[PDB]
Structures are given as C-alpha cells and as structure tokens.
Amino acid sequence: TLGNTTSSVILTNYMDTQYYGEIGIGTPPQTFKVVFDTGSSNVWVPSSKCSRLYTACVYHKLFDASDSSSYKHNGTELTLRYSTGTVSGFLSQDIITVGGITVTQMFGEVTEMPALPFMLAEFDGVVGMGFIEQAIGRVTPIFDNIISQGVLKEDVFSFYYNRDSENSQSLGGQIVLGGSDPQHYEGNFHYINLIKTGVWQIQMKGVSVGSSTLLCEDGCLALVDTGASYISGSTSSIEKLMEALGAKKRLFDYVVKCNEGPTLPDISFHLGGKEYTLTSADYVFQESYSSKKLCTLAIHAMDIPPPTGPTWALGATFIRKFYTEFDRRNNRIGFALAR
Ligand SMILES: CC(C)[C@]1(C)CC(=O)N(Cc2cc(F)cc(C(=O)N[C@@H](C)c3ccccc3)c2)C(N)=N1
Ligand SMILES: *[C@@H]1O[C@H](CO)[C@@H](O)[C@H](O)[C@H]1NC(C)=O
C-alpha cells in the first residue's frame, strides 16, 4: 500500500566519517543520535542496563525502559557481530519517531558495548536500513514497519551526505523516506539492479586507477553501505590499489605525503551502464600541503566474510559524490551527481 507522505531526517556530519540523525524512543520520547545504515538490518541503542564498566556506556545516551509507559518487554538475547566488532544485549519493543513518522518497533537494548570502536562514536546507536533477510533474531526492520503503514509515496529511501563544513549553516546530510530530494542531486538517476533481494549489493564491472592500473577485471561485488565511513576492498585489492597510488600502510589506514595528495590519479568504479569517478580531492583528507605531514585516504581494506563478502563497500566517500536512492519496490539502487 502506497500513500502520499515523504519524511525527511536532517543528519549531522562528524568529520566526514559519521553521519547521524535523531530518533525518539518511548513515552515521553528519549532521543538518540543514530547512523541510518544500509549495511545492517537491526535497530539498537545503548541500554540503562549496560554496566558502567563499559566506558562507551558512560559517554552515550542510554535507553531506560523504566521511564517509558509505552514499552513492551521481550528480553530475547541479541548478539550483533559486525565488521567493526560485536555488540550484544536483548530485545525490547517501544514507539519510535523518525522524521515525524511514528512506528511501534522491536529494537536491541545494548548491554555490552566495546570501547573500541564505540568510544570513537559521536552517535549512540544504529537504525538498520537493510532487509529482513539479514536481520538478526528475524526482527522486522524499521523501514518494513513504516511500509506496512501505507503512508509513504514510494517504497524507497534516499541519502544525501554533504562535505564537512565548519559553518553551522551547513546541512550535514539528509535521509528522505518515501522519495528523493531533487534539491540535492542533478541530472538523472542511473539504476543498477541488486544481485538479489535481501542485501543492498550490486555487481561491479571493474575498478580503474588512472590510465595504466586495473582491478576487479573479471567483475566483483559492491555493497552500498551508508554506515561505512570509507570505501573498502579486500586486503589483496587494496594492496594493489595503494601501490598504484604510492600510498603507504599504517596500523588501520593508508597515507600519502600531504604535498603528493593533489597529484593522485582518479579512481573509477564501473557500475551498471556508467563509470563513477572520484578525483584525489574526493578521497584524500587534504589537511595540509606539507611535504613533512602525512594525509589519510578515505579508502581502506575490509575482508567481509561469506555469504555477503568477499565484496567492496561503497561508504560515505562514495555517497558524498553520488546522491543515492535505495529502491525496495524494484530491488535496485540509483545514483545521481550530488549537489
Ligand atoms: C555503523 C556500524 C557500527 C555498523 C552497524 C557495523 C559495521 O561494521 N558497518 C560496516 C563498517 C565497516 C567499516 F570498515 C567501518 C565502519 C565504520 O567505521 N563506521 C563508522 C560509522 C563508525 C564510526 C565509529 C564507530 C563505529 C562505526 C563500518 C556498518 N555498516 N554498520
Ligand atoms: C519476543 O518477540 C517475538 C516476536 O516474534 C516473539 O516471538 C517472542 O516470543 C517474544 N518473547 C517474549 C518473551 O515476549
């Protein structure tokens, strides 16, 4: 069932690595900063039942069920094993407000939240925008529950991620539920069908580094992940990519001499009909131009295990350049040049 509603959520951009918006949970609402994530399918926030021996729980907003009159107990154990690590807790149900839409939702109350990486997170929790097929504990995802209300104009949602500004007047980003915002893209959308329903993943035909370097020659997979900061490839693909760029490996990231940053070649992703090109300004964190300082690249290695991986992941680095529409009705992803 389709309605006429379109709901937008304004996002805050933290350092071009974290894009989060607000949701309200319970009666009266308890607010949380959340990443709207196409790479996962569960909703979770830290819980008041999280031991304060997990320091990430000291520095984040905690959901207190004892303060909500609309809360409904469940209690089923929940373990979410992600590429960044594990969080665990239990299931709870309450009313969630997201951009004006009110939805009764089953979510995770996280009681175990590791300092690495969550002490680095400016957000509190996660709103999984992925499919029911990948939902842990077979919990109905929030977008499926919103769709069931038959209020949305279309069975789609869109992401706009802005470049980081120091001006408070700057919109960090925007998620549209039920459509796309023509003020944040130009030209037309070009769609790529999903390999299969259940994962926001598409076929990739090749990766080009300048003129003389080529990866993904026989085709590969591309997960379009709004919850990832950087573009990621397998360890093997990234070693070849970085060698081609003249970048050196550190503990978790890759760097170039800052003065060399503006000279780096274009990187192109062949998706569906089109080539999606990122210049060095799109993937280098150009913090200085010094021959004496190292500048980080917004690309790294991540070995995603089967059945989803091995796969590349097109994170915030890609979405900043290309406004993205996630189409559930047609099982496809549309890209248009962001503005
Ligand atoms: C949002 C994040 C907690 C989860 C739920 C789990 C995860 O591992 N990724 C993929 C992924 C893969 C990866 F290599 C890096 C990051 C990542 O750094 N995401 C940012 C948003 C972040 C910052 C601070 C703490 C955690 C995560 C995310 C994802 N899509 N969603
Ligand atoms: C938790 O919710 C699920 C929803 O399908 C239900 O099957 C399960 O029995 C619930 N558990 C309790 C103890 O309420």
Side-chain angles (χ1 to χ4, degrees), residues 11-21 32-46 56 59-60 65 71-94 104-110 113-132 134-142 144-145 159 161 172-173 199-201 222-235 238 252-254 296-305 308-309 311-320 326:
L11 310 174
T12 299
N13 173 356
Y14 173 72
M15 274 178 35
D16 265 12
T17 59
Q18 301 171 33
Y19 292 86
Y20 51 89
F32 296 87
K33 289 165 184 157
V34 293
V35 172
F36 292 94
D37 182 26
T38 56
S40 72
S41 310
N42 288 68
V43 176
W44 68 260
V45 290
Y59 290 93
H60 286 104
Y71 159 83
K72 301 280 196 282
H73 166 265
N74 187 274
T76 304
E77 235 219 284
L78 185 69
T79 300
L80 312 156
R81 287 177 200 87
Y82 301 131
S83 303
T84 58
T86 304
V87 299
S88 72
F90 61 87
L91 294 184
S92 290
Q93 179 186 264
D94 214 325
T104 289
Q105 178 73 31
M106 188 75 69
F107 65 98
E109 269 201 68
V110 157
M113 191 186 187
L116 275 162
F118 296 105
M119 272 299 287
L120 305 160
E122 280 291 330
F123 56 92
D124 307 301
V126 174
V127 170
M129 294 307 289
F131 298 79
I132 199 161
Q134 309 273 86
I136 306 305
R138 310 166 300 271
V139 179
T140 307
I142 200 159
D144 297 54
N145 286 321
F159 281 75
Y161 280 174
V199 196
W200 292 112
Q201 190 177 46
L223 181 69
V224 185
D225 191 2
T226 63
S229 306
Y230 296 173
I231 281 164
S232 73
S234 67
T235 301
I238 296 309
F252 300 115
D253 63 14
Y254 278 93
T296 307
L297 306 196
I299 307 159
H300 72 144
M302 188 58 48
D303 297 300
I304 300 154
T308 305
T311 183
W312 285 77
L314 302 174
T317 311
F318 192 85
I319 300 149
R320 274 194 286 281
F326 294 90

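The figures here come from the full heavy-atom set of this structure, side chains too, leaving out hydrogens, waters and symmetry mates. Both ligands and their constituent atoms are indexed starting at 1 by order of listing. Residues take their numbers from the sequence shown, with the count starting at 1.
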Participant: Does the side chain of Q105 pick up a donor-acceptor pair with the side chain of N145 at under 3.5 Å?
Facilitator: yes
Participant: Could you tell me the residue and atom name of the protein heavy atom closest to atom 10 (C) of ligand 1, and the distance to it rounded to 0.1 Å?
Facilitator: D225 OD2, 3.4 Å
Participant: Nearest 0.5 Å, please: how far is CZ in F252 from OH in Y230?
Facilitator: 12.5 Å
Participant: Please indicate, with yes or no, if any protein heavy atom is found under 4.0 Å from atom 14 (O) of ligand 2?
Facilitator: yes
Participant: Rounded at 0.5 Å granularity, tell me how far CE in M106 sits from OG1 in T76.
Facilitator: 7.5 Å
Participant: Under 3.5 Å between some N or O of ligand 1 and some N or O of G227?
Facilitator: yes
Participant: With the threshold set at under 4.0 angstrom, would you say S232 reaches ligand 1 through any of its heavy atoms?
Facilitator: no
Participant: Does ligand 1 come near enough to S40 that some N or O of the ligand is less than 3.5 Å from an N or O of the residue?
Facilitator: no
Participant: Kindly state if atom 5 (O) of ligand 2 has a protein heavy atom within a strict 4.0 Å cut-off, that is, under 4.0 Å?
Facilitator: no
Participant: Would you say OH of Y82 has more than 12 non-hydrogen atoms from neighbouring residues, nucleotides or ligands within 6.0 angstrom?
Facilitator: yes
Participant: What is the distance from atom NZ of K72 to atom OG of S92, rounded to the nearest 0.5 Å?
Facilitator: 12.0 Å
Participant: Report the nearest protein non-hydrogen atom to atom 3 (C) of ligand 2: residue, atom name, distance rounded to 0.1 Å.
Facilitator: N74 ND2, 3.6 Å
Participant: What about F159 and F36, are their ring centers closer than 6.0 Å?
Facilitator: no
Participant: Give a yes/no verdict on whether any heavy atom in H300 is under 4.0 Å from an atom of ligand 1.
Facilitator: yes
Participant: First locate atom CZ of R320, then atom CG of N13, and finally report the distance between them rounded to the nearest 0.5 Å.
Facilitator: 7.0 Å
Participant: Ignoring hydrogens and geometry beyond distance, is a side-chain donor-acceptor pair present between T308 and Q134 at under 3.5 Å?
Facilitator: yes
Participant: Determine whether the side chain, the backbone, both or neither of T84 has a heavy atom under 4.0 Å from any heavy atom of ligand 1.
Facilitator: both
Participant: Do the ring centers of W44 and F118 come within less than 6.0 Å of each other?
Facilitator: yes
Participant: Does atom 11 (N) of ligand 2 have a protein heavy-atom neighbour under 4.0 Å away?
Facilitator: yes
Participant: I want to know if ligand 1 touches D37 in the polar sense, i.e. an N/O pair below 3.5 angstrom.
Facilitator: yes
Participant: Please could you name the atoms of ligand 2 that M106 approaches to less than 4.0 Å, counting only its heavy atoms?
Facilitator: 2 (O)
Participant: Which residue supplies the protein heavy atom nearest to atom 24 (C) of ligand 1, what is that atom called, and how far is it?
Facilitator: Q18 NE2, 3.8 Å
Participant: Can you report which non-hydrogen protein atom sits closest to atom 20 (C) of ligand 1, along with the distance?
Facilitator: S229 OG, 3.5 Å
Participant: For atom 27 (C) of ligand 1, what's the nearest protein heavy-atom neighbour? Residue, atom name and distance, please.
Facilitator: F123 CZ, 3.9 Å
Participant: Determine whether a donor-acceptor pair (N or O, by modelled atom type, separation under 3.5 Å) exists between the side chain of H73 and the backbone of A65.
Facilitator: no
Participant: Considering heavy atoms of the protein only, find what lies nearest to atom 25 (C) of ligand 1 and give residue, atom and distance to 0.1 Å.
Facilitator: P117 O, 3.6 Å
